[PDB]
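I have placed the structure first, in the form of structure tokens, so that the comments after it can refer back to it.
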């Protein structure tokens, strides 16, 4: 799962035609560490979807633009557009998001 390390990297990735799913997380987050391995398992299951993560405490400019309301939030992108947002760390919700994104890809 790619740790996104700059605003420019983030903009390049989310602007792509290939579908990307980003896990917005932080050290202040409760369940982020517990759900992260499941996200990594999904990355193995769905090799034609791009998986990425953003540490909002380290990436202020990304965080300001993403403007998340829940910690964590998973956001899917395609062609510079947010195509779906999933809040929280519920495995089934994240699995359902990937099913639908992977079909799109």
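Numbering (the entry's author numbering), first residue to last: 2 to 106. Here a beta-carbon is modelled for each residue, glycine too, at the ideal position from N, C-alpha and C.
Determine the closest residue to residue i out of the options, with distance taken between C-alpha atoms.
i           : options             : result
residue 97  : 12, 43 and 4        : 43
residue 24  : 106, 102, 88 and 13 : 88
residue 53  : 21, 106, 84 and 99  : 21
residue 19  : 5, 36, 48 and 26    : 48
residue 2   : 79, 13 and 39       : 39
residue 92  : 36, 12, 27 and 6    : 36
residue 106 : 28, 79 and 45       : 79
Using DSSP with H/G/I as helix, E/B as strand and the rest coil, what is residue i?
i          : result
residue 15 : helix
residue 47 : coil
residue 80 : coil
residue 53 : strand
Problem set entry | Stretch pair the region 55–72 + the region 25–38: three plus CB contacts closer than 8 Å | yes
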